[PDB]
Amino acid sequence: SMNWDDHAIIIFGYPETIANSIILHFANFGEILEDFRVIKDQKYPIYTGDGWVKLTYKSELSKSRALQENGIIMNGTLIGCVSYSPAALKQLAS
């Protein structure tokens, strides 16, 4: 029961049609602790809403790499990637 929030990111800005593709893309940077069904091959429940998702990596090395993806284009749309903070999550619409 420790806190891995510093290993977490929020990905945002995408249409929900590419939500699964988003998870697969960011799974390429490390092992994700949430049990997302598309990658099914202490618990980390899923925080997600329309156009955003929180993901937690096992390694901080992975989080730092994922952050470099802020502003990539997937299916013609700009994808946002920021470091997780509770302050941001509290404000998000679902």
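One-based numbering along the sequence shown.
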*What number of residues from the deposited sequence go unmodelled in the gap from residue 41 to residue 42, classed as none, 1 to 3, 4 to 9, or 10 or more?*
10 or more
*Can you let me know which of the two, 52-60 or 31-39, has the higher average C-alpha B-factor in the entry?*
31-39
*If you rank the chain by CA B-factor, which third does residue 92 end up in: lowest, middle or highest?*
middle
*asked:* By the recorded C-alpha temperature factor, relative to the other modelled residues in its chain, which third is residue 17 in?
replied: lowest
*Compare the C-alpha B factor of residue 83 with those of the other modelled residues in its chain, then answer lowest, middle or highest third.*
lowest
